[PDB]
Structure formats: structure tokens, C-alpha cells
């Protein structure tokens, strides 16, 4: 196919030699899902600005307002190094040490009487 | 991705009159997201140690990028289908795009495979890799035999078990021949033992000695490790050393067991024709022998039978072409045995066996190329050998086909 | 309590989905088969969801029966808030 | 191939289930893409009560889910649980058979019995024996 | 991009995708590469030619980029060869400073050992009489332990997973070869007993309450015989289980998975006890301490946490890597944690103060295996380039390099004596290396001019039948165990 032969070149440019045949079919299903939610939001933003033609600033708005919610990332390095030095210098107070099966407090564990219904 | 696919999608949605720069803007955004996910699905493939990139890797790569591995449907409310995947859609390019709703119900479900178990074996014994099936595999000096003394003892035990004094001993020895991986480099001595045995074992027609050797040949053939077509030259005569050949023993009784041995020999011959096959050497050579065994005047009747069986078990087309112009000769031979005058030789037994085998083959061929109309007296145009009983055999075959 | 009285009547009543298949997709998510009547309620709750969509897509097919299409699933799931996608490939 | 039969024994059982649920007061001869759509929503629905009722019980420090964890799981998927006792008592209700087992023989191997060699003292007795 | 080194090829294709600013604003690896400084260890004989080409105002802008984005760490010595520079480069923020590798590291074993805490010698938190009973039968195994060397090559017993159509992602074996755990892609952990002794759970609380005082009733009367299998399946992860780690007292299985939790499974009740939720991201590895109280887990969020099985929150966060913490290994004295990672660096972390005390660079791919020498003086690391690099810990110079493997080296272990390092990769081979002739020789320059000793250090290759060697284990009688999941 046309758009499925370009998908095998995006993977081969990323060095992915071996892949399942259902891998191309669902990256095209995601790429179709992503463009019909940019352009769906683009004409919502065009009707907000009251213009009959969806031009390039509408797609510039609909991309950066969908990338602000959908595609997140891990926390940044200046945030990870601040919570590290707050934790690595904090003395982590105390709890109940010697308890044979050593464990957190019982509201943080998964050890409850764990009931079930009577069969009748 | 091509832009001429993105305009087709846009105009099939209600968004008409899109510019080329608008359309090129779509195909570099979505081609990045395919490249971003396939690079991210390769992380799950490398952490799976499978180097495969299965269909589930993209389901976790999508969930990692906070996109629903929802395929083919997108829920704007997100609650019935969260980031759990539905396994994709089993769709094809060459599909029918319309099925009947009772075709999917009536098909049998595939077998759930075996659960995961833990078996242990040995990769290395003090540095050396064993050849178990869980592993990939001036005076001149006094030379040594190329077999070890375990190998000669093994060979001696397997050959003394394969002459069938005890049946459980035979059966293990036959399974040992059928799956020993290191049975190459002992195979000349096994082929020579078979070949030499049949030739000095037809001097006196010792049926068991022969039935055990034919089972040894069958156990040699289905072993997947060893390379056999270097030894098939000596083996073809040895396995066939008593197929058509007469019996120096009591021919009339054990004529049942030797006929069964002949059937086994036919089956091994058909397996040989299916394999070891190159152009015009093996199958055509045994076919030519069998036919000049058939077209022989005053033919040995224990032999009018072995060669008939050999020709019969050669497959679909061979009886479709070789068992057609000869019915009259078969009938004349049967009529002569019936006339008599006296039973000097087991001629009558040979005739009955040959006629029964030929009649069964003729039914199956007839059932195969023609409708089952006029099954009463039309076979009288073919000398009336099997007639209505042949028609009944064809009907039984049709019933088996209906059951299938 | 009707739903407790309902689940106590499920030692019989094999549902439309087998418990070897409903229990397979429950074991995939950590739900283990403690009580087999618990599986049959989840198999019944998943039947009723699919049956309510096929019964509402039939009303969108009578206005335009005898074939379920993607243009019948599209307005049927739109009141559910689910935008179904055409493969278009 | 028994490798893809691990998945296709249970997904083609869900195809018979949707084909049996679209026949009950309904269709014959459905479109092919409409069946693999609906059996993908069925697998994603069983896998979502699997992940969410396990999450609701483990939030309450338990390991196996009761009835009260699923009637809150189905509420959070918008199910209206009270209509389920009426759905279970249909006269059109059908049962789809479970898939067949690959190891039908179970124990068909005569095996090859060969013993030679012992164990050096750095190998305990519970490891497999040294081969022939 | 064409005139770059061949071992940077996977690094440039992430840069070819980066063309926009907002594409790079959410990458967080090139965001930390842009703010850090490349260290670039150069000699003073070559730096004089560089600074005589940059201090002049004819160039005057590439010199401004160098003194803004690049550190330069100068050593007084010979300029290194090209096949020696190739051995110690390949990491972003590569070839770290010698001032990082000069801290005092207590790389000795506990109980003299001057390079190790002289008197504390924590012999396992509250070493119990049942834990002292374990070491009594451990030294009976040491009596039958063979000296391996380059002559008495060990026997390898491969424990293959035959069907395994759910993908096996994690293996661990106990210290005595008695249990084998399997982490699988169908979100299960499966414990197998390999000794002829079935896996039993302890009795329920009603059965233990009736057990009379004394009359033995200690460690056999509580084991339930109604529950006795050769296989126990553990459910509860909502994702593929990537780490698996036994505790040294043969209870307390650990498992980490894609769902971001580390789970502590009991091996007396065969249930889950705790779920440690500190990562929101796939935890790629976990390991118990060799004394069994603390454990370290490294995840996709580019940190490694130190837990203690008593707190729902970690104690130490090791947060200096720029990519995923792929591996997390404890030192044999458990005062130091080595964390290999996907940014081609291996880092030792002190458990006190959470400080990085060593940075080992020189791998070309993400590190997928670490192991320590039983001396505590050395560290073997393997990565996707098929290279096993042997590092010193008191010095930090990676003295040796083993380059026999082809694909990703996913399992390393030294012998119980330290005589042989065993390496298992995706080439389906178990290579054995001479781990005595590799460290025989062992500064002021930061390198030792390591030779091509790989051919001499090979003792065997041992090709496996279509089976990637996921785990390597050494029995206490010096017998190699390996587990693979036959494909």
C-alpha cells in the first residue's frame, strides 16, 4: 500500500529490522486517530475565530493544545535533583523496626483478613 | 507517509479543498509519531528478549506515551476503555470484507497449547558439549576403528535386539534407531547389516528375520538427524529383497504376515519416492522394474502379488495411468487359476489376493474421477470383476467423505 | 438485596461466554478464579454491554435490518460518548 | 503452530461468543470488520474489569476481589448492574464451548532408557544424570 | 553526521528525528545533555596544540563553544592510541573526570580489610540462628567446591523454559540451587523447586494456633502438606515482570514490572506482602541486598531507589543518570550500589549520603548486566555492544575488555572462588573467561593501556540451541546454572 510502505521506512530508519506484521497496521491506526483529532479540534478553533477556511494557524493551535495534554514526559532533571537532595538529606524519621516479618504500617500493606461471600 | 494518502482521508471526512502545505503538514506530524512509537516499542522488544516486535509491544508503547492502545475506535470519555488494549483488529489486505455470522460459530476453536514447564539438561560436561537432543548436534602406526567401544557395544546390543527375540527389546531398539542423534558414523555398518542380512535371509525364506529388518529400515528412515541418501543405493534392494519374491518357507499360511510385510515395504518405497528424489533416477527406475515385473508371461504368483502391491501404493495418479489398460489380463489370470487343473502351487491364494487388491484400487480410482451413477451393471463393460461390490466400496468411501 | 440473591443462583446457568474464556481475560488482569459464580457475573455484565449496543444499532438500521455496518455502530456509540473509527486502509 | 495458538485459542473463542450474541434477537451474516471490532471491545472489556477490580481490592489492602469490588468497578464503567439478573435468565441464552487442548495424547512417548556415568561431588543428586 | 565514529550510530538517529525545538523540550535526555558538560579527557601534549589553535581570534567562536559546553580534563602523560580511546568512550557526558574516581571506596568484604569498615562488619541485620544454620550447611557445600581455573572447566546445566509462550523476562535462582523464579510477560511470577522437595505453604492461622508448645513444632510442623506443588504461580502485577530477586534466607521473592511497582512475595505463604509504589514508570530491575534487608530498584524515571522492606517510602534516591537505570547491583558488603544505565555509564553509589563515588564509562550500548567479583575489588559490566568490561573499584580504570560476544550480553557472574567469569548473551552462547589472568597485573594518568587479552582469556564458547541465556548462576560447588526460555 501507499501509506503502509512509508511506515516500513519509518521503522527501518529507526533501525527496527524485525517486527510483527500487525505493527504497521496499528501505527497507521494511531496516525489516523491522531490526525482526525487535530483536524477535528482545528475546525472547532476555526469556528471560534469565525473563519470558513481552516488555515495553518488553526492546525498550529490544535497541535500545541493537544500536545499539552496527550504526550507527557518524565519529570525534568532540575525537578529530580531537588526532590533528591530534599530526600537524601532528610533523616526519614522512624516507624516500628523489629517486627519479625518487617513491614510498613498495616494501612500501607496488603495484609487484611480478605473476606469472601458465603456460598448458599 | 505519502501526502496523496492524507488528502484522500481529509476529503472522505468532510474537509475539502486542502492545500498542499496544509497536507504536507499532516504527514510529517503523523510520520514522527509512528517513528516515536516504533522506537519506543523497540524498548519493550529488547526488554522482552524476543527480538520480534510483537503486536503487543505497540500496545505498551502507546500506553507509555499516554495514548490509548485503542485501535479502530476512540472513546472521548475514556472510561469503558482506559489504557487497557483490545489486542488490535485481525484484518487483512486480501480479506473478503463480508462473512456469514454462522460460519464463525461452526468452525472449531484452536487448541490451547501446553503450559510453561521447567526442564533441565546439560550444555557442558566438564568443558565438552554433549550430543543430546536438547543441544544443536618403518612400520605405519596401528590404527584404531572409527567407532568407540561404547559404539560397538551399542551397535552389538541394538542389532541383537533388532533380530526380535523379545518384543519390548525390539521396540526400544527401534525407537533408539528412530531418535539417536549420534547414529551417523555408525550408519555404514547398519546399512551393510541390513543389506547383507536380507540377501542371506532369502536363501531360506525366514519371515521374521525379514519383518524385523524391514522394521529396522523404517526406523532408520524417520530419524531426522542422519543423512540417508548416501546409503539408499544398497538399501533399495535389501528392503525389497522379498516383496514380490517367492517363499522358500510354507508360502500358503504366513502368506498373511508376508503380505503385511509387503504392505510395509510399499509404504517405505512411497516415502523414498516422496524424498531422495532427483530427476529420473529413483522413482522412474522402480516404476520401470515394477511394470516389467507385471508385463511378464508365466509370472511367479507369489510375485504376481508383491509387484502388484508395489505398483498399487504409488499414489493418486500412478494407478490413474498404470492400472487402466490391464484389467482384461488380470481377469484372464484369475480365470486360469479357477480352471485348475490341480493346486500344484499356492497359485489360487496368490490369485485371490491379487484380485482383491486390484478391485479395491479400481473402486477408489472410479470414486475419484466420475459420479456414482449406474453402479449396478455398467462395470460389466470392464469384464464385471468387482461390479456391485465395487459400487458398495465406492459408497462406503462416499460415506467416509460425508463424515469428513 | 436482589444482586446477592441473583449471584447465589449462578451455580447453574452457563452464560453465553465460557468461563474458560472469561476467566482467561480475568487472569490476564490479575483477577483469579476464586468463585466460579463471580466469573459468570462478569461474563454477564460484558454480554449486557455488547447486547445493549447491538440492540441500539438495530434502531439506527431500521430507519435506513439484515446487516450491521460501521455507519450503524457510529450513531449507536455516539450517545455512549464513544467515537468509533473507520479503518480507511 | 502452538505458539500463536496460545492467543488464538481464546480470541477465536471470543469470536464465537460475539457471533452467538449478534444472532440472539438479531443478525445473520455480519460484515467481517464488524466482528473483529466487537470482539476487540469484548477482550478490552474483560481486561478492564480485570485491572480495575484488582485495583479496587488492593486499594483496600486485599488480594482477591469480592462482589463489592466489582459492583463498584462496574459502576465506574457505567453499567447499571441491576439489569444483569434479567439478562442472565434469557430463553435465548447460549453457551459457547471452551477451546480444545493441544496435548490430546498427554503421555504418548515410549522414551529411550539409557544410563551410564555417575556424579562428581560438586554436582548433587537432584541434577539430571550424566548421559550415555 | 557522516564523519562520526561507528559506535555513535544509534545516538545520531535520535538526533535526526530532533529537528524542532518542542521535540527536544520533551526528550529529557538531550535536555540534560545540553545543560551538562562533556568531560573530554585529553593529554597536555595535545591540549597545547588545541589551545594554540583556539586562543587566537581567527577562530574565536568555536573556542567560545568549547569553553561553554565542554569540560576538558587534562592528564600529564602519553597521548592515548586510537584503539585505547575507542575502549573508554561512547557515553553522553563521556569519559568523566578523575576527580570523581578518586573518592575512598570501601571495596572490601565484611567479617584485616583496611579498604572496608574495620570493626562494624554488619554480618546481616540481626543475624538469626536460622540464618546461622544456613551458613553451617553452606560450608558443607564449600567442601565439595571444585577449583575451576583454566584447566578444570565447569559443567553447565541449562534449565531451559520449554513452552514459554508468554515471554520470559526475568529469572533468579537462590544462593543454594533450590528455587528458580521466572518473571513472564503475562504478568506472572512462577517459582519452581529444582531439588526433589515440593513447594509448600505454611499452615493457616487456625492450624498454627492449635500447635502445642515445644514438642519440636518449629520449622517443619507448620508447613502444609495439602499445598505442595513443583510450581507456584504468583499473580498481582499488572504488567510484564522485569526484575526477579530472591532473598538470601530463601523467603521474600522480589519482583518489579512495567506497572511501576516493586512487589515483595512471601515464600512461606506464597502471597504478596507489600507493593512499593515509588516509580510511576517501568522498573527495569530490582535486587535484594546480600544480607537481605535493603533492596535497590532502578526504573524508567532515571533514578534508582533504596528501600528497606520496612518503609513505604525509599531511603536513598540515586538520581544522577541521564537515561533509564537498567541494572541495579549491590556490592558484596552492601555499602555500595552499582547502577548501569542506558546512557552508557556505570555508576557506583554509596549507601551513606547517596553520593556517586565512581563513574565507569566506555560502553557503546545500554548496560544490560552487572556483576561484582567475590573479592569486591572488581566489577564486570556487559552491554549491547557485546563487550564485557572489567573495572577496578579502588582505582576505576576498567583494566580489562572481553570482546567475544556478538549480541547483547544479558547475564554475567563470577565463580564462587572468583576463578572464572561466565558470560551469557543473545548470541545463544555461554562464554567462560579466565577471571584470574584478567586481574593478575592489578596511577597518575587514568588508564593502564589494556591489551587485547580477549583470545587468551577465552576458555569456551558453548553455543546454545536457539535459546538466549537470560540468567547465569554458580552453584556453591562451582557448577554453572543457566536459564533461557527456548525460542
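Going by Swiss-Prot, the residues shown for chain B are 14-150, 207-473, listed in order.
Per the header of the entry, the method used was electron microscopy, 3.7 Å.
Any Cβ shown, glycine's included, is placed from N, Cα and C.
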Annotated phosphothreonine residue, as Swiss-Prot has it, among B:120, B:368: B:120
Secondary structure at residue B:253 (phosphotyrosine), reduced by DSSP to three states: coil
Rounded distance in angstrom between the Cα atoms of residue B:264 (phosphoserine) and residue B:253 (phosphotyrosine): 17
Local Cβ density at residue B:264 (phosphoserine) - other Cβ atoms counted within 10 Å: 19
Euclidean distance between Cα atoms of residue B:120 (phosphothreonine) and residue B:248 (phosphothreonine), Å: 36
Between residue B:120 (phosphothreonine) and residue B:253 (phosphotyrosine): CA-CA distance (Å): 45
Residue B:248 (phosphothreonine): secondary structure state under DSSP, collapsed to three categories: helix
Greatest C-beta neighbour count within 10 angstroms, which of the modified residues B:120, B:248: B:248
Cβ packing number for residue B:253 (phosphotyrosine), 10 Å threshold: 14
